[PDB]
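Rule-based calculations on the coordinates, nothing more; no lab input. When we count neighbours, we look across all protein chains shown, and the Cβ atoms used for this are built from the backbone with ideal geometry, even at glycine.
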Amino acid sequence: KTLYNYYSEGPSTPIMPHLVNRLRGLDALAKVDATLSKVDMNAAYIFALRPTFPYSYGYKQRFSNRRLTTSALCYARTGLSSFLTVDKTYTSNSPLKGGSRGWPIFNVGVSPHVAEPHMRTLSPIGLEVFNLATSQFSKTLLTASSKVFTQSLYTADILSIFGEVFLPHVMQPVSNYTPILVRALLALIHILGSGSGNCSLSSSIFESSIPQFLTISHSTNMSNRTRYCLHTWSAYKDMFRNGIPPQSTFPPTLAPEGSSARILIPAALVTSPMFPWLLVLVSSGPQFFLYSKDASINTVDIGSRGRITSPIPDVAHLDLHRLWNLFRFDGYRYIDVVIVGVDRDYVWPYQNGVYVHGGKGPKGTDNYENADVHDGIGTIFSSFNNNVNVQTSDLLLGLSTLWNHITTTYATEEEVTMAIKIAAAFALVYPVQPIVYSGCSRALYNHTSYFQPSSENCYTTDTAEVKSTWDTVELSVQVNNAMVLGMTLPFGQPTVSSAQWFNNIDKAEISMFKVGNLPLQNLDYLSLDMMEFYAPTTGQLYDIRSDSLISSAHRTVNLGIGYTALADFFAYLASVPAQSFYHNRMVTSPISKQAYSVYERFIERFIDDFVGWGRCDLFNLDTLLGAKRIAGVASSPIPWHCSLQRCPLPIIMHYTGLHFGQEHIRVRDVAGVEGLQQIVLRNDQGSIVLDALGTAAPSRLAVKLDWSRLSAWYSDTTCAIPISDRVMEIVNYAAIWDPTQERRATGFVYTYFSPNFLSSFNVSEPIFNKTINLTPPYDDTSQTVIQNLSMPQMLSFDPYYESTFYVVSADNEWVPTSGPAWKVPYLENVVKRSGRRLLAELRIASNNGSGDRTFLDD
Amino acid sequence: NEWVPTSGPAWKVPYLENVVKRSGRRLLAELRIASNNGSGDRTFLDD
């Protein structure tokens, strides 16, 4: 159904309903079999978190006689899978190739909105308590029914300590587990890494595969910790008046730090591997930092022709952060953990030297009297201790167990779906958009203010092969800061906060502006479900892929990439320039806020129609408008003509249905002047100075009435990017004529991807280990011509008012209605499963002879 | 592990076909004995 149905369907006139319906259909197709993280963990992880998007490529030229690629095959992927920085203990100042001095922090706050709790059924004990509390008494002094008056309102003498503590919740039984599910999906994706395997600002350094070993680092300054106290049930209830702790503990969302939350967990569940992950995912984060254990083994440098260099030149001075380190979550600040059903000599099975209030004491005595406060999850269970090396499978086992338990016992399908959609908004991290600039023809030199070719944010570090002429970024301190400030999430929001750890000083800079918010998880629901006061919802999933954390994470990453592609499409439709997301977006032309005012409408309608959550939690302009600006980084002299576009064009076509096939390239001979316009410029003396032919660019209304016009616009304005020289063939014939510009002639902008990154598309799966061949053996076109995967020119250089502009003939010989005279890059989406994916499918669907599925099928 | 056997060969594949074609020397001989053959027999002793 991926092709045939969806790849044969194009955009429809009401574009938002068409896009939403398509995204719903694609989400239904996102399937990684749950019984695959059983026989092969790494393959399932790769399929779930680093999807592929196959497409076919070709070029056309009119009078060439040169062969040129016609039907190449490639696999397009988006996103940073991890982040490369200088190591913590680098005392030098010499720039390191690929190693950023700091890293961004995408700080997420606490949403003012609460996940709506759905109704729950009580257990037999809860039903008993409800029946007691709703019973008719005489309230005389002979029985205990009078104690509610003679002792206190909060007395246990009728409903036991438990029915009294849970009385308000059994009068109105409800629950909602979306926040914890969102945090779980995020923890999985951020620890493992979504995306294309790219792991640096350098667009050429790639992460070899999913990491196998992680190392935990503590930082007093950067970490966002939670304080914990451990009590036995007997000790916890003995610190309140007449016993009887408070009935409700959920704080106001605006003040999660005001009070101390509590969690009631039976002694049986404490030993479960899911318990430490239960304490995480509901707390603030990150309480500790995760790194790949050794960067030399899992990092490679890819040359412009596909050559893989495994040991990159500065391995020993670099640290490979996981995306876990780049995100910051706000949750509870103080949590009470109360174990129910243990003796006065209870021993904390995790980290030694930790004594539970009312448990075994430091000296060997029972009934420990102090309620010790521990700062951060690492000061308890040693599995999160500083400088601890762990294998990722053991780290994520508890996460998978937690997901399965909560979804199959306490949650519903609606909660899981909503958690997936929310998590998708934070599931991917992209670098600042690189763009090139063609320049303009020498024949129009006096009518332009953008004569020279230029590029922005084009950074590569491979020295084995020849470097593309467009990659001229030098990673200095100011440029590093600007490029970090340009990094964005799927909906386009950048971050103002960042961290930095070199020499031996650990420092973090968090702003008041936040990239988004997540709802708080109500701990009362967890206590009620683990104390078995609510009946389970085991028969309310209805989906499949919901019981499995990995299948849900695949759904989330698919949705997040779809969010990015739709955001790029919206930015094109809203005419949001790429420069409105750089570091200096707030000090350049006022067009930035004006573009935001339309971009926000597009995103807010999409989020209301598809996701259903409060929009402001998933996208807002706070970080965009709170740009800091780096002083010592002047912008490149490029016109603002190309859109946001963090994804390559084939991914955008996958998610939108845009068709850019070879049938849109025109080869007409022209003898009648239809569709042509005369472009005239005259001086103050009345003499003509230009007198050039030109064709009018379509208006957005025209494409709204006929979407094929957009496909034609791509063919008329796209040229293949050359490797060795900055002379694109299109500028020998054509130029843009904009009457709204003081000097009306400009070139073309073309979002850039670089040959190093494009060679990572030559393998169907993102695994790069010096045994993979990325060089196309029988086609040498890529040696000199780069693919053009950019969205076309923007169709409007003014967000509010529409003015016609033209593509004009710069040489007076090429007639614009005859068709392009340069190389034109057509595209097509292709359905194609990789060899590794087919091998896994044979394992679990034809060679799966497990005892179940054979004997327990009834 | 990258090439899928059911996708088809990735190397150079030599197809073949038989062709009917007479040589120039063979055609010249055929003209000699079937159109330029004016021997006395085959003309006068044909009955």
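Taking segment A:207-239 on its own, how many of its residues are part of a loop (DSSP other than H, G, I, E, B) and under 41 Å from the mean Cα position of the chain (by Cα)?
Here is the first cut: in segment A:207-239, the ones part of a loop (DSSP other than H, G, I, E, B) are A:208-212, A:218-226, A:238-239.
With under 41 Å from the mean Cα position of the chain (by Cα) added as a condition, the list becomes A:208-212, A:218-226.
Here the count works out to 14.
What about residue A:385, is it touching a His at 6+ places or on another chain (Cβ under 9 Å) and surrounded by 15 or more Cβ atoms within 10 Å (Cβ to Cβ)?
Numbers: touching a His at 6+ places or on another chain (Cβ under 9 Å): yes; surrounded by 15 or more Cβ atoms within 10 Å (Cβ to Cβ): yes.
The answer is yes for residue A:385.
Any chance you could count how many residues in segment A:568-608 are surrounded by fewer than 19 Cβ atoms within 10 Å (Cβ to Cβ) and in a loop (DSSP other than H, G, I, E, B)?
Residues meeting the conditions: 5.
Checking the structure you have, find out if any residue of segment A:557-566 is in contact (Cβ under 8 Å) with a residue 40 or more places away in the chain and touching a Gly at 6+ places or on another chain (Cβ under 7 Å). I'd like the intermediate steps shown before the answer.
Going residue by residue through segment A:557-566, those that are in contact (Cβ under 8 Å) with a residue 40 or more places away in the chain are A:557-566.
Retained after the next criterion (residues that are touching a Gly at 6+ places or on another chain (Cβ under 7 Å)): none.
No: segment A:557-566 contains no residue that is in contact (Cβ under 8 Å) with a residue 40 or more places away in the chain and touching a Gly at 6+ places or on another chain (Cβ under 7 Å).
Please go through segment A:388-415 and give me each residue that is among the hydroxyl-bearing types (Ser, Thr, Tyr), surrounded by 19 or more Cβ atoms within 10 Å (Cβ to Cβ) and closer than 30 Å to residue A:533 by Cα, ordered by number. Break it down stepwise before answering.
So the first thing to find is which residues in segment A:388-415 are among the hydroxyl-bearing types (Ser, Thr, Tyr), and the list is A:392-393, A:400-401, A:407-410, A:412.
Imposing the further condition that a residue be surrounded by 19 or more Cβ atoms within 10 Å (Cβ to Cβ) reduces the set to A:392, A:400, A:407, A:410, A:412.
Residues satisfying the conditions are A:400, A:407, A:410, A:412.
Can you give me the ranges of the helices (runs of 4 or more DSSP H) entirely in segment A:128-206 with at least 1 residues that are in contact (Cβ under 8 Å) with a residue 12 or more places away in the chain and under 30 Å from residue A:80 (Cβ atoms)? Lay out the reasoning, then the answer.
On the way: elements: A:147-150, A:160-165, A:167-171, A:178-192.
Correct list: A:178-192.
Which numbered condition trips up residue A:241, out of (1) closer than 24 Å to residue A:533 by Cβ; (2) touching a strand residue (DSSP E or B) at 6+ places or on another chain (Cβ under 8 Å); (3) among the basic types (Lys, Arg)?
The failed condition is (2).
Name, by its number, the condition in (1) touching a strand residue (DSSP E or B) at 6+ places or on another chain (Cβ under 8 Å); (2) within 26 Å of residue A:823 (Cβ to Cβ) that does not hold for residue A:62.
Status for residue A:62: all satisfied but (1).
What tally of residues in segment B:3-36 results from selecting those that are surrounded by 10 or more Cβ atoms within 10 Å (Cβ to Cβ), within 14 Å of chain A (Cβ to nearest Cβ) and small (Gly, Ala, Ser)?
Total meeting the criteria: 2.
I'd like the full set of residues that are assigned to a helix (DSSP H, G or I) and of a type in the set (A, V, I, L, M), limited to segment A:23-55. Outline the logic, then answer.
In the first step, residues of segment A:23-55 are kept if they are assigned to a helix (DSSP H, G or I); the result is A:23-29, A:34-36, A:41-49.
Correct list: A:23, A:26, A:28, A:29, A:34, A:36, A:41, A:43, A:44, A:46, A:48, A:49.
Across segment A:733-763, which residue is farthest from residue A:445 (Cα to Cα) among those that are of a type in the set (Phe, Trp, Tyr) and either away from chain B (no Cβ under 14 Å) or in contact with a helix residue (DSSP H, G or I) (Cβ under 8 Å, 6 or more places away or on another chain) (or both)? First the steps, then the outcome.
Step one: list which residues in segment A:733-763 are of a type in the set (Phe, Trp, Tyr), which gives A:733, A:737, A:748, A:750, A:752-753, A:757, A:761.
If we keep only those that are either away from chain B (no Cβ under 14 Å) or in contact with a helix residue (DSSP H, G or I) (Cβ under 8 Å, 6 or more places away or on another chain) (or both) too, we end up with A:733, A:737, A:748, A:750, A:752-753, A:757.
Details: A:733: 14, A:737: 13, A:748: 15, A:750: 21, A:752: 25, A:753: 28, A:757: 34 Å.
Only one residue tops the list, namely A:757.
Quick one: in segment A:683-717, of everything that is hydroxyl-bearing (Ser, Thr, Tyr) and under 20 Å from residue A:448 (Cα atoms), which residue is surrounded by the fewest Cβ atoms within 10 Å (Cβ to Cβ)?
Residues of segment A:683-717 that are hydroxyl-bearing (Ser, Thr, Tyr), as a first pass: A:687, A:695, A:699, A:708, A:711, A:714-715, A:717.
If we keep only those that are under 20 Å from residue A:448 (Cα atoms) too, we end up with A:687, A:695, A:717.
On the way: A:687: 8, A:695: 19, A:717: 20.
That would be A:687.
Sort through A:792, A:766, A:777, A:799 and tell me the only one that's within 14 Å of chain B (Cβ to nearest Cβ), under 28 Å from the mean Cα position of the chain (by Cα) and either buried (at least 16 other Cβ atoms within 10 Å of the Cβ) or free of Cβ contacts under 8 Å to residues at least 12 places away in the same chain (or both).
Details: A:792 fails: within 14 Å of chain B (Cβ to nearest Cβ); A:777 fails: under 28 Å from the mean Cα position of the chain (by Cα); A:799 fails: within 14 Å of chain B (Cβ to nearest Cβ).
Checking each option against the conditions leaves just A:766.
Take the residues of segment A:428-446 that are more than 37 Å from the chain's Cα centre (by Cα) and crowded, with 21+ Cβ neighbours inside 10 Å: which is farthest from residue A:682 (Cα to Cα)?
So, considering only residues that are more than 37 Å from the chain's Cα centre (by Cα) and crowded, with 21+ Cβ neighbours inside 10 Å, the one farthest from residue A:682 (Cα to Cα) is A:441.
Among A:516, A:492, A:539, A:486, which is the only one that is without any contact (Cβ under 8 Å) to a residue 40 or more places away in the chain and either among the small types (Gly, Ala, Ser) or buried (at least 22 other Cβ atoms within 10 Å of the Cβ) (or both)? Steps first, answer last, please.
Values: A:516 fails: without any contact (Cβ under 8 Å) to a residue 40 or more places away in the chain; A:492 fails: without any contact (Cβ under 8 Å) to a residue 40 or more places away in the chain; A:486 fails: without any contact (Cβ under 8 Å) to a residue 40 or more places away in the chain.
So the residue among A:516, A:492, A:539, A:486 that is without any contact (Cβ under 8 Å) to a residue 40 or more places away in the chain and either among the small types (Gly, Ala, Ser) or buried (at least 22 other Cβ atoms within 10 Å of the Cβ) (or both) is A:539.
Looking at segment A:823-847, which of its residues are more than 14 Å from every other protein chain (Cβ to nearest Cβ) and either closer than 20 Å to residue A:77 by Cβ or surrounded by fewer than 20 Cβ atoms within 10 Å (Cβ to Cβ) (or both)? Break it down into steps so the answer makes sense when it comes.
Here is the first cut: in segment A:823-847, the residues more than 14 Å from every other protein chain (Cβ to nearest Cβ) are A:823-829, A:843-847.
Within segment A:823-847, A:825, A:827, A:828, A:829, A:843, A:844, A:845, A:846, A:847 qualify.
Residues of segment A:718-730 being of a type in the set (A, V, I, L, M), surrounded by fewer than 19 Cβ atoms within 10 Å (Cβ to Cβ) and more than 32 Å from the chain's Cα centre (by Cα), which ones?
Here is the first cut: in segment A:718-730, the residues of a type in the set (A, V, I, L, M) are A:720-721, A:723, A:727-728, A:730.
Filter once more, keeping what is surrounded by fewer than 19 Cβ atoms within 10 Å (Cβ to Cβ): A:723, A:727.
A:727, the sole residue that qualifies.
If you scan segment A:62-120, which residues turn out to be surrounded by 16 or more Cβ atoms within 10 Å (Cβ to Cβ) and of a type in the set (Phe, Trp, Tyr)?
Residues satisfying the conditions are A:75, A:83, A:90, A:103, A:106.
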